$ cat work21.tsv   # TSV, N, CA and C atoms
chain	number	residue	atom	x	y	z
S	40	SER	N	16.65	-6.55	-2.50
S	40	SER	CA	16.85	-5.23	-1.80
S	40	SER	C	16.70	-5.26	-0.28
S	41	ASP	N	17.71	-4.71	0.40
S	41	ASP	CA	17.73	-4.63	1.86
S	41	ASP	C	16.54	-3.83	2.36
S	42	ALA	N	15.92	-4.30	3.45
S	42	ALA	CA	14.79	-3.64	4.04
S	42	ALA	C	15.36	-2.56	4.94
S	43	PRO	N	14.94	-1.28	4.77
S	43	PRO	CA	15.44	-0.26	5.71
S	43	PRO	C	15.17	-0.60	7.19
S	44	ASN	N	16.19	-0.43	8.01
S	44	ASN	CA	16.13	-0.85	9.39
S	44	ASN	C	15.45	0.25	10.21
S	45	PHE	N	14.88	-0.13	11.36
S	45	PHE	CA	14.24	0.82	12.23
S	45	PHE	C	14.14	0.25	13.59
S	46	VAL	N	13.92	1.13	14.56
S	46	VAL	CA	13.68	0.79	15.95
S	46	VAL	C	12.44	1.61	16.30
S	47	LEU	N	11.37	0.95	16.70
S	47	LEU	CA	10.16	1.62	17.21
S	47	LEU	C	9.77	0.87	18.46
S	48	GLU	N	8.88	1.45	19.24
S	48	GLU	CA	8.36	0.71	20.36
S	48	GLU	C	7.08	0.02	19.98
S	49	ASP	N	6.89	-1.20	20.49
S	49	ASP	CA	5.58	-1.80	20.40
S	49	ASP	C	4.58	-1.14	21.35
S	50	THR	N	3.34	-1.60	21.32
S	50	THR	CA	2.28	-1.01	22.14
S	50	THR	C	2.35	-1.35	23.64
S	51	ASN	N	3.35	-2.14	24.06
S	51	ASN	CA	3.67	-2.37	25.47
S	51	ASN	C	4.96	-1.65	25.89
S	52	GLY	N	5.54	-0.82	25.03
S	52	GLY	CA	6.69	-0.02	25.45
S	52	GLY	C	8.04	-0.65	25.12
S	53	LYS	N	7.98	-1.83	24.52
S	53	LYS	CA	9.16	-2.62	24.19
S	53	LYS	C	9.79	-2.22	22.86
S	54	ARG	N	11.10	-1.99	22.91
S	54	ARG	CA	11.90	-1.64	21.75
S	54	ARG	C	11.95	-2.80	20.77
S	55	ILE	N	11.61	-2.54	19.51
S	55	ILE	CA	11.75	-3.58	18.47
S	55	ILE	C	12.61	-3.05	17.36
S	56	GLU	N	13.69	-3.78	17.05
S	56	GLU	CA	14.55	-3.47	15.91
S	56	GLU	C	14.43	-4.51	14.82
S	57	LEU	N	14.21	-4.04	13.60
S	57	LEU	CA	13.96	-4.92	12.49
S	57	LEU	C	15.10	-5.92	12.27
S	58	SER	N	16.33	-5.41	12.31
S	58	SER	CA	17.53	-6.22	12.09
S	58	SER	C	17.70	-7.31	13.12
S	59	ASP	N	17.17	-7.15	14.34
S	59	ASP	CA	17.13	-8.25	15.33
S	59	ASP	C	16.23	-9.46	14.94
S	60	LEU	N	15.42	-9.33	13.90
S	60	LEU	CA	14.52	-10.41	13.54
S	60	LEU	C	15.16	-11.25	12.44
S	61	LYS	N	16.40	-10.96	12.05
S	61	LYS	CA	17.09	-11.84	11.08
S	61	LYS	C	17.08	-13.32	11.52
S	62	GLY	N	16.95	-14.25	10.58
S	62	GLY	CA	16.64	-15.64	10.94
S	62	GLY	C	15.16	-15.99	10.81
S	63	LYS	N	14.30	-14.98	10.94
S	63	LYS	CA	12.87	-15.14	10.81
S	63	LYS	C	12.37	-14.42	9.58
S	64	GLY	N	11.26	-14.91	9.01
S	64	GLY	CA	10.56	-14.15	7.96
S	64	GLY	C	9.76	-13.04	8.62
S	65	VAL	N	9.64	-11.87	7.96
S	65	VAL	CA	8.93	-10.74	8.59
S	65	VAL	C	7.79	-10.25	7.73
S	66	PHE	N	6.57	-10.32	8.24
S	66	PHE	CA	5.41	-9.87	7.47
S	66	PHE	C	5.21	-8.45	7.95
S	67	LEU	N	5.68	-7.47	7.17
S	67	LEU	CA	5.77	-6.12	7.67
S	67	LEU	C	4.63	-5.28	7.10
S	68	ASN	N	3.64	-5.01	7.93
S	68	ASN	CA	2.40	-4.35	7.54
S	68	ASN	C	2.25	-2.91	8.03
S	69	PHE	N	2.08	-1.95	7.10
S	69	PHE	CA	1.75	-0.60	7.48
S	69	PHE	C	0.25	-0.38	7.40
S	70	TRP	N	-0.31	0.18	8.48
S	70	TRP	CA	-1.73	0.23	8.62
S	70	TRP	C	-2.25	1.50	9.39
S	71	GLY	N	-3.53	1.81	9.17
S	71	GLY	CA	-4.21	2.86	9.91
S	71	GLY	C	-5.55	2.31	10.35
S	72	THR	N	-6.07	2.79	11.47
S	72	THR	CA	-7.41	2.43	11.93
S	72	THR	C	-8.54	2.86	11.01
S	73	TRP	N	-8.30	3.78	10.09
S	73	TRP	CA	-9.38	4.19	9.17
S	73	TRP	C	-9.44	3.36	7.88
S	74	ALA	N	-8.52	2.41	7.69
S	74	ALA	CA	-8.39	1.69	6.41
S	74	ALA	C	-9.31	0.48	6.51
S	75	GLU	N	-10.30	0.46	5.65
S	75	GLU	CA	-11.30	-0.60	5.64
S	75	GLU	C	-10.65	-1.98	5.49
S	76	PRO	N	-9.65	-2.12	4.58
S	76	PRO	CA	-9.02	-3.43	4.46
S	76	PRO	C	-8.33	-3.96	5.71
S	77	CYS	N	-7.72	-3.09	6.50
S	77	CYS	CA	-7.11	-3.47	7.77
S	77	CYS	C	-8.15	-4.02	8.76
S	78	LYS	N	-9.37	-3.51	8.72
S	78	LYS	CA	-10.47	-4.08	9.48
S	78	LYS	C	-10.81	-5.52	9.06
S	79	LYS	N	-10.71	-5.81	7.78
S	79	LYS	CA	-11.01	-7.14	7.28
S	79	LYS	C	-9.82	-8.07	7.50
S	80	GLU	N	-8.63	-7.55	7.25
S	80	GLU	CA	-7.44	-8.34	7.17
S	80	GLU	C	-6.74	-8.58	8.48
S	81	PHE	N	-6.92	-7.70	9.47
S	81	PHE	CA	-6.35	-7.95	10.80
S	81	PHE	C	-6.75	-9.27	11.41
S	82	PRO	N	-8.07	-9.58	11.46
S	82	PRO	CA	-8.46	-10.94	11.87
S	82	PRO	C	-7.86	-12.12	11.07
S	83	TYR	N	-7.56	-11.92	9.79
S	83	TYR	CA	-6.94	-12.96	8.98
S	83	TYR	C	-5.47	-13.16	9.33
S	84	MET	N	-4.76	-12.04	9.56
S	84	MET	CA	-3.37	-12.04	9.97
S	84	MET	C	-3.22	-12.68	11.33
S	85	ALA	N	-4.16	-12.38	12.23
S	85	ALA	CA	-4.17	-12.96	13.56
S	85	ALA	C	-4.40	-14.46	13.45
S	86	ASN	N	-5.31	-14.88	12.59
S	86	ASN	CA	-5.57	-16.31	12.49
S	86	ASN	C	-4.39	-17.06	11.79
S	87	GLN	N	-3.79	-16.47	10.75
S	87	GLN	CA	-2.60	-17.04	10.16
S	87	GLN	C	-1.38	-17.06	11.09
S	88	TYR	N	-1.25	-16.05	11.94
S	88	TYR	CA	-0.23	-15.97	12.99
S	88	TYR	C	-0.25	-17.10	14.01
S	89	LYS	N	-1.43	-17.61	14.35
S	89	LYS	CA	-1.55	-18.81	15.19
S	89	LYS	C	-0.79	-19.97	14.57
S	90	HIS	N	-0.76	-20.03	13.24
S	90	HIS	CA	-0.05	-21.09	12.51
S	90	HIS	C	1.44	-20.77	12.29
S	91	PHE	N	1.74	-19.52	11.93
S	91	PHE	CA	3.07	-19.17	11.46
S	91	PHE	C	4.05	-18.74	12.51
S	92	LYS	N	3.57	-18.26	13.65
S	92	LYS	CA	4.48	-17.79	14.69
S	92	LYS	C	5.55	-18.86	15.02
S	93	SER	N	5.11	-20.08	15.25
S	93	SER	CA	6.05	-21.11	15.66
S	93	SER	C	6.79	-21.70	14.45
S	94	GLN	N	6.50	-21.22	13.24
S	94	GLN	CA	7.29	-21.59	12.10
S	94	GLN	C	8.37	-20.56	11.74
S	95	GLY	N	8.52	-19.51	12.54
S	95	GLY	CA	9.55	-18.55	12.27
S	95	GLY	C	9.18	-17.42	11.33
S	96	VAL	N	7.91	-17.07	11.27
S	96	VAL	CA	7.47	-15.86	10.64
S	96	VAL	C	6.92	-14.92	11.72
S	97	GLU	N	7.45	-13.70	11.74
S	97	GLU	CA	7.01	-12.69	12.66
S	97	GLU	C	6.17	-11.67	11.93
S	98	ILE	N	5.18	-11.11	12.59
S	98	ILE	CA	4.41	-9.96	12.02
S	98	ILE	C	4.94	-8.72	12.74
S	99	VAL	N	5.25	-7.66	12.00
S	99	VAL	CA	5.42	-6.33	12.59
S	99	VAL	C	4.41	-5.40	11.90
S	100	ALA	N	3.35	-5.05	12.64
S	100	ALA	CA	2.28	-4.21	12.14
S	100	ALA	C	2.51	-2.74	12.58
S	101	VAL	N	3.03	-1.92	11.66
S	101	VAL	CA	3.45	-0.56	11.93
S	101	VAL	C	2.27	0.41	11.72
S	102	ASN	N	1.69	0.86	12.83
S	102	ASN	CA	0.66	1.86	12.77
S	102	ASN	C	1.26	3.21	12.38
S	103	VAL	N	0.60	3.86	11.42
S	103	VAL	CA	1.13	5.08	10.81
S	103	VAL	C	0.79	6.34	11.62
S	104	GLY	N	1.28	6.49	12.86
S	104	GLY	CA	1.25	7.77	13.53
S	104	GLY	C	0.09	8.14	14.43
S	105	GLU	N	-0.76	7.17	14.75
S	105	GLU	CA	-1.97	7.47	15.50
S	105	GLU	C	-1.68	7.30	16.98
S	106	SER	N	-2.60	7.79	17.81
S	106	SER	CA	-2.43	7.77	19.26
S	106	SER	C	-2.40	6.35	19.82
S	107	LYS	N	-1.75	6.20	20.97
S	107	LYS	CA	-1.73	4.94	21.73
S	107	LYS	C	-3.14	4.39	21.99
S	108	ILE	N	-4.08	5.28	22.30
S	108	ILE	CA	-5.46	4.86	22.56
S	108	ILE	C	-6.25	4.40	21.32
S	109	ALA	N	-6.10	5.11	20.20
S	109	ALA	CA	-6.78	4.72	18.96
S	109	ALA	C	-6.28	3.36	18.47
S	110	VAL	N	-4.98	3.12	18.58
S	110	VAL	CA	-4.37	1.82	18.29
S	110	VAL	C	-4.82	0.69	19.24
S	111	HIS	N	-4.82	0.94	20.55
S	111	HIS	CA	-5.29	-0.02	21.55
S	111	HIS	C	-6.75	-0.39	21.34
S	112	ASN	N	-7.56	0.60	20.98
S	112	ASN	CA	-8.97	0.34	20.70
S	112	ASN	C	-9.12	-0.54	19.47
S	113	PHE	N	-8.37	-0.25	18.42
S	113	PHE	CA	-8.38	-1.06	17.20
S	113	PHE	C	-7.99	-2.52	17.43
S	114	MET	N	-6.86	-2.71	18.14
S	114	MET	CA	-6.32	-4.03	18.48
S	114	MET	C	-7.32	-4.91	19.22
S	115	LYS	N	-8.01	-4.27	20.17
S	115	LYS	CA	-9.00	-4.90	21.00
S	115	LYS	C	-10.21	-5.30	20.16
S	116	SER	N	-10.68	-4.41	19.27
S	116	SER	CA	-11.84	-4.71	18.45
S	116	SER	C	-11.59	-5.84	17.45
S	117	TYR	N	-10.35	-5.91	16.92
S	117	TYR	CA	-10.02	-6.84	15.83
S	117	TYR	C	-9.24	-8.10	16.18
S	118	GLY	N	-9.11	-8.38	17.48
S	118	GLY	CA	-8.56	-9.63	17.97
S	118	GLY	C	-7.07	-9.81	17.73
S	119	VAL	N	-6.31	-8.72	17.85
S	119	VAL	CA	-4.90	-8.72	17.49
S	119	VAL	C	-4.06	-9.57	18.46
S	120	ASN	N	-3.27	-10.50	17.93
S	120	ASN	CA	-2.43	-11.39	18.75
S	120	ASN	C	-0.98	-11.27	18.35
S	121	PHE	N	-0.66	-10.23	17.59
S	121	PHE	CA	0.65	-10.10	16.97
S	121	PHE	C	1.26	-8.77	17.35
S	122	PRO	N	2.56	-8.59	17.10
S	122	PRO	CA	3.23	-7.30	17.41
S	122	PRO	C	2.72	-6.05	16.61
S	123	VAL	N	2.45	-4.96	17.34
S	123	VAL	CA	2.14	-3.68	16.78
S	123	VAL	C	3.15	-2.61	17.26
S	124	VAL	N	3.72	-1.85	16.33
S	124	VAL	CA	4.65	-0.81	16.67
S	124	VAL	C	4.03	0.54	16.27
S	125	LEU	N	4.51	1.61	16.91
S	125	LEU	CA	3.97	2.91	16.67
S	125	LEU	C	4.96	3.77	15.96
S	126	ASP	N	4.64	4.16	14.74
S	126	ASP	CA	5.51	5.03	13.95
S	126	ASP	C	5.06	6.49	14.16
S	127	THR	N	5.38	7.03	15.34
S	127	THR	CA	4.78	8.26	15.89
S	127	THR	C	5.17	9.53	15.10
S	128	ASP	N	6.39	9.58	14.57
S	128	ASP	CA	6.76	10.69	13.66
S	128	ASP	C	6.54	10.38	12.21
S	129	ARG	N	6.08	9.17	11.89
S	129	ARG	CA	5.82	8.79	10.50
S	129	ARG	C	7.16	8.59	9.77
S	130	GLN	N	8.24	8.40	10.51
S	130	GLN	CA	9.61	8.26	9.93
S	130	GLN	C	9.91	6.91	9.23
S	131	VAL	N	9.34	5.82	9.73
S	131	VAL	CA	9.48	4.52	9.12
S	131	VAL	C	8.65	4.44	7.85
S	132	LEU	N	7.44	4.97	7.89
S	132	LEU	CA	6.60	5.02	6.68
S	132	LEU	C	7.25	5.84	5.54
S	133	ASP	N	7.97	6.93	5.90
S	133	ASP	CA	8.81	7.70	4.94
S	133	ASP	C	9.97	6.88	4.41
S	134	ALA	N	10.61	6.14	5.32
S	134	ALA	CA	11.76	5.31	4.96
S	134	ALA	C	11.33	4.23	4.00
S	135	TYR	N	10.11	3.72	4.21
S	135	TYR	CA	9.56	2.68	3.35
S	135	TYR	C	8.90	3.20	2.09
S	136	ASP	N	8.64	4.52	2.04
S	136	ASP	CA	8.05	5.12	0.84
S	136	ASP	C	6.61	4.61	0.67
S	137	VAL	N	5.86	4.58	1.76
S	137	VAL	CA	4.56	3.88	1.84
S	137	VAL	C	3.44	4.80	1.34
S	138	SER	N	2.74	4.42	0.29
S	138	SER	CA	1.83	5.39	-0.32
S	138	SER	C	0.44	4.97	0.02
S	139	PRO	N	-0.06	4.03	-0.80
S	139	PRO	CA	-1.24	3.24	-0.57
S	139	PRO	C	-1.16	2.68	0.84
S	140	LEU	N	-2.31	2.41	1.41
S	140	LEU	CA	-2.38	1.90	2.75
S	140	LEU	C	-3.60	0.96	2.71
S	141	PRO	N	-3.47	-0.29	3.21
S	141	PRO	CA	-2.25	-0.85	3.80
S	141	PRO	C	-1.21	-1.20	2.74
S	142	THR	N	0.03	-1.37	3.17
S	142	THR	CA	1.05	-1.93	2.35
S	142	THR	C	1.78	-2.94	3.21
S	143	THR	N	2.18	-4.05	2.60
S	143	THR	CA	2.87	-5.12	3.28
S	143	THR	C	4.16	-5.42	2.54
S	144	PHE	N	5.27	-5.38	3.28
S	144	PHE	CA	6.58	-5.85	2.77
S	144	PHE	C	6.88	-7.24	3.30
S	145	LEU	N	7.22	-8.13	2.39
S	145	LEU	CA	7.58	-9.50	2.75
S	145	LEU	C	9.09	-9.55	2.83
S	146	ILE	N	9.59	-9.75	4.05
S	146	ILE	CA	11.05	-9.72	4.27
S	146	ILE	C	11.49	-11.14	4.66
S	147	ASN	N	12.41	-11.69	3.88
S	147	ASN	CA	12.97	-13.01	4.09
S	147	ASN	C	13.93	-13.02	5.26
S	148	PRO	N	14.27	-14.24	5.75
S	148	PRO	CA	15.21	-14.43	6.88
S	148	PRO	C	16.55	-13.72	6.78
S	149	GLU	N	16.98	-13.35	5.58
S	149	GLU	CA	18.24	-12.62	5.37
S	149	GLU	C	18.06	-11.12	5.39
S	150	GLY	N	16.84	-10.63	5.55
S	150	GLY	CA	16.60	-9.18	5.70
S	150	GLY	C	16.31	-8.45	4.39
S	151	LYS	N	15.96	-9.20	3.36
S	151	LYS	CA	15.68	-8.61	2.08
S	151	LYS	C	14.17	-8.63	1.83
S	152	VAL	N	13.71	-7.61	1.11
S	152	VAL	CA	12.34	-7.48	0.70
S	152	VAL	C	12.17	-8.36	-0.53
S	153	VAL	N	11.28	-9.34	-0.43
S	153	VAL	CA	11.03	-10.23	-1.57
S	153	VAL	C	9.77	-9.85	-2.35
S	154	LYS	N	8.84	-9.15	-1.70
S	154	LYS	CA	7.59	-8.74	-2.34
S	154	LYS	C	7.00	-7.58	-1.62
S	155	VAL	N	6.37	-6.68	-2.38
S	155	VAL	CA	5.63	-5.59	-1.83
S	155	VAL	C	4.17	-5.79	-2.23
S	156	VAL	N	3.27	-5.78	-1.24
S	156	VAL	CA	1.88	-5.97	-1.51
S	156	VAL	C	1.06	-4.75	-1.17
S	157	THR	N	0.26	-4.36	-2.13
S	157	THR	CA	-0.56	-3.19	-2.04
S	157	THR	C	-2.02	-3.68	-2.31
S	158	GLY	N	-3.03	-2.93	-1.90
S	158	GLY	CA	-4.39	-3.39	-2.19
S	158	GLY	C	-4.91	-4.51	-1.30
S	159	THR	N	-5.68	-5.44	-1.85
S	159	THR	CA	-6.45	-6.35	-0.99
S	159	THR	C	-5.88	-7.76	-0.84
S	160	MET	N	-5.82	-8.23	0.40
S	160	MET	CA	-5.43	-9.60	0.65
S	160	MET	C	-6.55	-10.45	1.21
S	161	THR	N	-6.74	-11.62	0.62
S	161	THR	CA	-7.54	-12.69	1.24
S	161	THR	C	-6.71	-13.47	2.30
S	162	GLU	N	-7.36	-14.27	3.12
S	162	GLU	CA	-6.63	-15.03	4.10
S	162	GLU	C	-5.78	-16.06	3.40
S	163	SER	N	-6.25	-16.55	2.25
S	163	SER	CA	-5.48	-17.49	1.41
S	163	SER	C	-4.17	-16.89	0.91
S	164	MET	N	-4.24	-15.64	0.43
S	164	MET	CA	-3.07	-14.84	0.05
S	164	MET	C	-2.12	-14.60	1.20
S	165	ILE	N	-2.67	-14.21	2.36
S	165	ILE	CA	-1.88	-14.01	3.56
S	165	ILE	C	-1.11	-15.28	3.92
S	166	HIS	N	-1.81	-16.42	4.02
S	166	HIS	CA	-1.18	-17.74	4.12
S	166	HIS	C	-0.05	-17.96	3.10
S	167	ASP	N	-0.30	-17.74	1.82
S	167	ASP	CA	0.76	-17.98	0.83
S	167	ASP	C	1.95	-17.08	1.03
S	168	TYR	N	1.69	-15.85	1.48
S	168	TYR	CA	2.73	-14.83	1.60
S	168	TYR	C	3.60	-15.15	2.80
S	169	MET	N	3.00	-15.70	3.84
S	169	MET	CA	3.78	-16.14	4.98
S	169	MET	C	4.60	-17.39	4.65
S	170	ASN	N	4.05	-18.31	3.85
S	170	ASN	CA	4.82	-19.46	3.33
S	170	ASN	C	6.03	-19.05	2.49
S	171	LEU	N	5.87	-18.01	1.71
S	171	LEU	CA	6.96	-17.39	0.99
S	171	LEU	C	8.20	-17.01	1.84
S	172	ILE	N	7.97	-16.50	3.04
S	172	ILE	CA	9.08	-15.91	3.80
S	172	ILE	C	9.51	-16.76	4.96
S	173	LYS	N	8.86	-17.90	5.19
S	173	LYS	CA	9.27	-18.69	6.36
S	173	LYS	C	10.58	-19.42	6.10
S	174	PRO	N	11.40	-19.62	7.15
S	174	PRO	CA	12.62	-20.44	6.99
S	174	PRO	C	12.44	-21.88	6.41
S	175	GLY	N	11.38	-22.62	6.75
S	175	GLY	CA	11.30	-24.06	6.48
S	175	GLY	C	10.71	-24.56	5.17

$ encode --input "work21.tsv" --output "structure tokens"
Amino acid sequence: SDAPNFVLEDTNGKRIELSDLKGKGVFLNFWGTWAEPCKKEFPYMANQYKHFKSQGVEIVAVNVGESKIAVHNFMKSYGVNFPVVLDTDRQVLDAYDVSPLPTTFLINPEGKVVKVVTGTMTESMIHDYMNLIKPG
């Protein structure tokens, strides 16, 4: 199944379009600053990203509608080294039908959703999930 496309800005003002990431695996995470698992898992994603970025897996961490400041504070506290976008009208989260939070869509290099992950991820799981979607 094709991943619904979107254009949001990252937390530096830069336009990001999902379809422009074709060729790369996309670890697409919907998150809120109040979600306890995102507090645990953000540092794991950041540490796995040190390994996977240069292997052609991108993270797009879509914050579900919170202020620029609440997101910047979260990123700073949790050592974020990966892309964060702001879903300010909650339109991408609607497009994705995102219920539970966090939710992660694993999108392969061809732009298809290969797995939907809900609930809790270990760093080992995060590693395996990024291996799933990488080109190599």

$ closest_atom_pairs --input "work21.tsv" --of "region 133-169 of chain S" --to "region 74-94 of chain S" --cutoff "6.5 Å" --atoms "all atoms listed in the file" --output "CSV"
residue,atom,partner,partner_atom,distance
S:140,C,S:74,CA,6.1
S:141,N,S:77,N,6.1
S:160,C,S:80,CA,6.4
S:162,CA,S:83,CA,5.3
S:166,N,S:87,CA,6.2

$ write_last_selection --input "work21.tsv" --atoms "N, CA and C atoms" --output "PDB file, in the frame of the given file"
ATOM      1  N   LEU S 140      -2.310   2.410   1.410  1.00  0.00           N
ATOM      2  CA  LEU S 140      -2.380   1.900   2.750  1.00  0.00           C
ATOM      3  C   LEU S 140      -3.600   0.960   2.710  1.00  0.00           C
ATOM      4  N   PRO S 141      -3.470  -0.290   3.210  1.00  0.00           N
ATOM      5  CA  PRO S 141      -2.250  -0.850   3.800  1.00  0.00           C
ATOM      6  C   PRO S 141      -1.210  -1.200   2.740  1.00  0.00           C
ATOM      7  N   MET S 160      -5.820  -8.230   0.400  1.00  0.00           N
ATOM      8  CA  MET S 160      -5.430  -9.600   0.650  1.00  0.00           C
ATOM      9  C   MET S 160      -6.550 -10.450   1.210  1.00  0.00           C
ATOM     10  N   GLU S 162      -7.360 -14.270   3.120  1.00  0.00           N
ATOM     11  CA  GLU S 162      -6.630 -15.030   4.100  1.00  0.00           C
ATOM     12  C   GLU S 162      -5.780 -16.060   3.400  1.00  0.00           C
ATOM     13  N   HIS S 166      -1.810 -16.420   4.020  1.00  0.00           N
ATOM     14  CA  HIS S 166      -1.180 -17.740   4.120  1.00  0.00           C
ATOM     15  C   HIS S 166      -0.050 -17.960   3.100  1.00  0.00           C
TER      16      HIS S 166
END

$ select_by_dssp --input "work21.tsv" --residues "region 54-99 of chain S" --states "alpha helix (DSSP H)" --output "list in words"
residues 75, 76, 77, 78, 79, 80, 81, 82, 83, 84, 85, 86, 87, 88, 89, 90 and 91 of chain S

$ closest_residue --input "work21.tsv" --among "S:58, S:50, S:69, S:142" --to "residue 111 (chain S)" --atoms "all atoms listed in the file"
S:50

$ atom_distance --input "work21.tsv" --atom1 "CA of residue 132 (chain S)" --atom2 "CA of residue 41 (chain S)"
15.5 Å

$ closest_residue --input "work21.tsv" --among "S:123, S:47, S:55, S:173" --to "residue 98 (chain S)" --atoms "only N, CA and C atoms"
S:123

$ decode --input "work21.tsv" --residues "region 57-100 of chain S" --atoms "C-alpha atoms" --output "CSV table (one decimal), in the first residue's frame"
chain,number,residue,atom,x,y,z
S,57,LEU,CA,7.5,12.4,1.6
S,58,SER,CA,7.6,11.5,-2.1
S,59,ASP,CA,11.0,13.2,-2.4
S,60,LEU,CA,12.5,10.5,-0.1
S,61,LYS,CA,11.9,7.7,-2.7
S,62,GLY,CA,15.2,5.7,-3.0
S,63,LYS,CA,15.5,5.7,0.8
S,64,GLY,CA,13.7,3.7,3.5
S,65,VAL,CA,11.5,6.0,5.7
S,66,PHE,CA,11.0,5.4,9.4
S,67,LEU,CA,7.9,7.5,9.8
S,68,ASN,CA,7.0,8.2,13.4
S,69,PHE,CA,4.0,10.0,14.8
S,70,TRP,CA,4.6,11.3,18.3
S,71,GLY,CA,3.6,13.7,21.1
S,72,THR,CA,5.7,15.2,24.0
S,73,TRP,CA,3.2,13.6,26.5
S,74,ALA,CA,3.7,10.0,25.3
S,75,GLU,CA,5.9,8.1,27.7
S,76,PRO,CA,7.2,5.7,25.0
S,77,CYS,CA,8.5,8.6,22.9
S,78,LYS,CA,10.6,9.7,25.9
S,79,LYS,CA,12.1,6.2,26.0
S,80,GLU,CA,12.3,5.6,22.3
S,81,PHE,CA,13.6,9.0,21.0
S,82,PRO,CA,17.1,8.3,22.4
S,83,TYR,CA,17.0,4.8,20.7
S,84,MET,CA,15.9,6.2,17.3
S,85,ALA,CA,18.7,8.8,17.6
S,86,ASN,CA,21.3,6.2,18.4
S,87,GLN,CA,20.1,3.9,15.6
S,88,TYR,CA,20.1,6.9,13.2
S,89,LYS,CA,23.8,7.3,13.8
S,90,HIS,CA,24.1,3.9,12.1
S,91,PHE,CA,21.3,4.0,9.5
S,92,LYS,CA,21.4,7.5,8.1
S,93,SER,CA,24.4,6.7,5.8
S,94,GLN,CA,22.7,3.5,4.9
S,95,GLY,CA,19.8,5.2,3.2
S,96,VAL,CA,17.2,5.1,5.9
S,97,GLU,CA,15.6,8.5,6.8
S,98,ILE,CA,13.6,9.2,10.0
S,99,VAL,CA,10.6,11.6,9.6
S,100,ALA,CA,9.2,12.2,13.2
